[PDB]
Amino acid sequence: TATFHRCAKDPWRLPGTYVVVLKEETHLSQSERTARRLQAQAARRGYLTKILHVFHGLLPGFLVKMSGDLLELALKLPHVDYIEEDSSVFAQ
């Protein structure tokens, strides 16, 4: 059931950084472990990753700088609800 989303306004997309959103009741410890699992699974495939931030308090998840190549792998992680490619917002 884990899905991927990116900005429909193609110019506003910021490929290479992804917000990994985990299911609602996921605990911070589980989010951190999921991030580590991703980095390990990535490293085994020859990919560098960087966990920029671990979300807790509103949504559980993490922000990760990685190749989009890893998205199929990432979508199979435990607890994943969806993954969204980062994108741009602008002063109105």
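All residue numbers are counted from 1 along the displayed sequence.
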query	finding
Which of 1 to 9 and 82 to 90 has higher mean CA B factor, as the PDB entry lists it	1 to 9
Within-chain third of residue 53 by Cα B-factor, per the entry	lowest
Among modelled residues of the same chain, the CA temperature factor third for residue 22	lowest
CA B-factor placement of residue 64, once the chain's modelled residues are sorted into thirds	lowest
Record-listed C-alpha B factor of residue 42: chain third	highest
